[PDB]
């Protein structure tokens, strides 16, 4: 029972790998022959979820044994890409990938089945569930340069509020909450800016402002105290400080990962994660097909052996 590990998708091998945060070597490689996209992991740290696009199949696996044991394989109504889990670990929620129709789908970890399905707009990418427990869901709408607000209840039933909000810049692509659920950050992919939304009151969401970034911001990682924010770019990681009273993101510095990556074809899937000691960044390079590890200061620390990165990435974080 170790909690120094993570999981990464390799879409072209129709495979996934578990790797150690410590040694930086593979742990277990499960090959199921699906169209894999993104992953989530549980608070508990005990169960994982992987999605698939054209295969429209979600797989669930238990992580605490000799070799990792997959335990459910369900097909959804339609395709799947970004995933988040509710903060209580009871449900997993999925958003559309490339092939239509376009639906949001929730899945019960207890019942090991899907529970609700609702249609989402054509331009929908990225998903984020608030850690409050208030059950607010927000997704990006890339062509309407707006973000839309959804609901999931205690049962897993999904709802469409049809409330949309400016994203700050243009081509909103990925969203990430603060650990307390009071702000959300939207990566605006051509706008080259992060948007910042007031989400403490989900009946009254508002955009406050937007700070700019290097070319082509993909994924937002935020440290567990909420004061440091890391953004994955075509060429760099950017770090900002966040000020939780005034709602202001302040640039600190950037460093270049020297990797080839391209968010677009992974529909909102996080290609970066922080170890449990928020001391190092793990990056999943789409196109260099490498899992590189850096320190948050930019120091490169080394890559993992023989993983052809291609898709989402998640690291173990108990809490």
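Numbering follows the first chain given and starts at 1.
Look at the C-alpha B-factors of 223-231 and of 72-80. On average they run higher in 72-80. The PDB entry records a higher mean C-alpha B factor for 298-306 than for its counterpart among 6-14 and 298-306.
Ranking 282, 255, 54, 251 by the C-alpha B-factor listed in the PDB entry places 54 at the top. Note on the listed residues 88, 238, 123, 203: the highest Cα temperature factor in the record is that of 203. Residue 135: CA B factor in the middle third of modelled residues in this chain (values from the PDB entry). When the modelled residues of the chain are ordered by C-alpha B-factor, residue 293 sits in the lowest third. Among the modelled residues of its chain, residue 271 has a C-alpha B-factor that falls in the lowest third according to the deposited record. For residue 113, the recorded CA B-factor ranks within the highest third of the chain. Only modelled residues enter the ranking.
When all modelled residues of the chain are sorted by CA temperature factor, residue 67 is found within the highest third.
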